[PDB]
Every structure is written in C-alpha cells, then in structure tokens.
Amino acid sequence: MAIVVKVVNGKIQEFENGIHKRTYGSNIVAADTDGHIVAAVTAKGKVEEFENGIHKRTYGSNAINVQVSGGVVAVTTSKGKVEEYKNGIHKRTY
C-alpha cells in the first residue's frame, strides 16, 4: 500500500491518493511508514508503532526522528546516533 502520513498538531493523518483515510495518535512529532506499519516519534522521545491505526507497541528513548526501512525501524536520537530496532527490540547503534 502507498500511504502518506502527515503529522498535524500531534496527530497522524493517513492519506491515500490524496484522500484522507484515518487519524490517530497523540503528541506525535514525526512519523514514517512502509505501508504496513506506521512508526511515530512522541514529544517524550519514544517510538510508537501503529498497525491499521491501532497502537501496537512503544519503545526507544531520546528519539527525534524515525524511518521504516526493510522491516527495521531506524530511530534518530537527540544524541546524534541512529538506533536500529526490529520488532521493537534494539538491535544495533550506528
């Protein structure tokens, strides 16, 4: 699925073909998706995963940005590192 995620006043808005689909989450500052999951960074520095608009899990700390790539979630921290997570488990830092 080709979905676009827009963060608006802390909420995640999902769009498909320019059409609004759903809105969920709160206090979000950044988000990314691969069409299967949406990973979102909270103002408190956590990563929240959503699946079909439903909260799945929360992990990480000091997060400021996020990217979903090939089944991993790459979390950029306020310390300037990338922390790679798989299924919510910290795997490596670089």
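So that there is no doubt, residue numbering starts at 1 and follows the sequence shown.
Q: Which of the two stretches, 17-25 or 68-76, shows the higher mean Cα temperature factor in the record?
A: Comparing 17-25 with 68-76, the higher average CA B-factor belongs to 68-76.
Q: Please rank the C-alpha B-factors of the chain's modelled residues and tell me whether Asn62 sits in the lowest, middle or highest third.
A: Tercile = middle for this residue's CA B-factor.
Q: Per the entry's values, where does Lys56 land by CA temperature factor relative to the rest of its chain, in the lowest, middle or highest third?
A: As the PDB entry reports it, the C-alpha B-factor of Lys56 lands in the lowest third of its chain.
Q: Which third, lowest, middle or highest, does the CA B-factor of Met1 fall in along this chain?
A: Highest third, going by the recorded CA B-factors of the chain.
Q: Once the chain's modelled residues are ordered by C-alpha B factor and cut into thirds, is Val47 in the lowest, middle or highest one?
A: Bottom third by C-alpha B-factor.
Q: Could you say whether, by C-alpha temperature factor, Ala31 belongs to the lowest, middle or highest third of its chain?
A: It belongs to the lowest third of the chain when residues are ordered by C-alpha B-factor.
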